[PDB]
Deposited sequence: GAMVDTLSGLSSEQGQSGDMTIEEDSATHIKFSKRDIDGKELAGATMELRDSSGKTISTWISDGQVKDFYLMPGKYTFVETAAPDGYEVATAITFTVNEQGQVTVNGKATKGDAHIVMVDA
């Protein structure tokens, strides 16, 4: 599940992998992909927020492998513009954008 909140020009975006209690969930393999589908970052969730500094564009967060007892979550498509607006599923924010992938 996908959401956004708060916590050429580059924009600083924070990413969390969480469970339904909002705990940071470790052990998920994550990729960030550009609008062409190319993987531009790969990481393993580790209980900490993950930082990104991104140029304007459309991107996708993809969970490629989930920890034990979880299904892989749906990918999160988002956009970033020159003015720092970050938009996820029709919800836009500016300033301290924080995208959360919720693992059920």
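> Counting from 1 along the deposited sequence, what's missing?
Replying inline: No C-alpha coordinates exist for 8-24, and that is the only such stretch.
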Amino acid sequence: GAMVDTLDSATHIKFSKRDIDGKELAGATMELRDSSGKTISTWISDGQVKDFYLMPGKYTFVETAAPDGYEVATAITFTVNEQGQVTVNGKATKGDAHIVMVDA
From here on, numbers count along this sequence of modelled residues.
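> Out of 41-49 and 68-76, which stretch has the higher average CA B-factor listed in the record?
Replying inline: Mean CA B-factor is higher for 68-76.
> With respect to the recorded C-alpha B factors, which stretch has the higher mean value, 92-100 or 12-20?
Replying inline: Comparing 92-100 with 12-20, the higher average CA B-factor belongs to 92-100.
> Would the CA B-factor of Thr87 place it in the lowest, middle or highest third of its chain?
Replying inline: Within its chain, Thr87 is a lowest-third residue by C-alpha B-factor, going by the deposited values.
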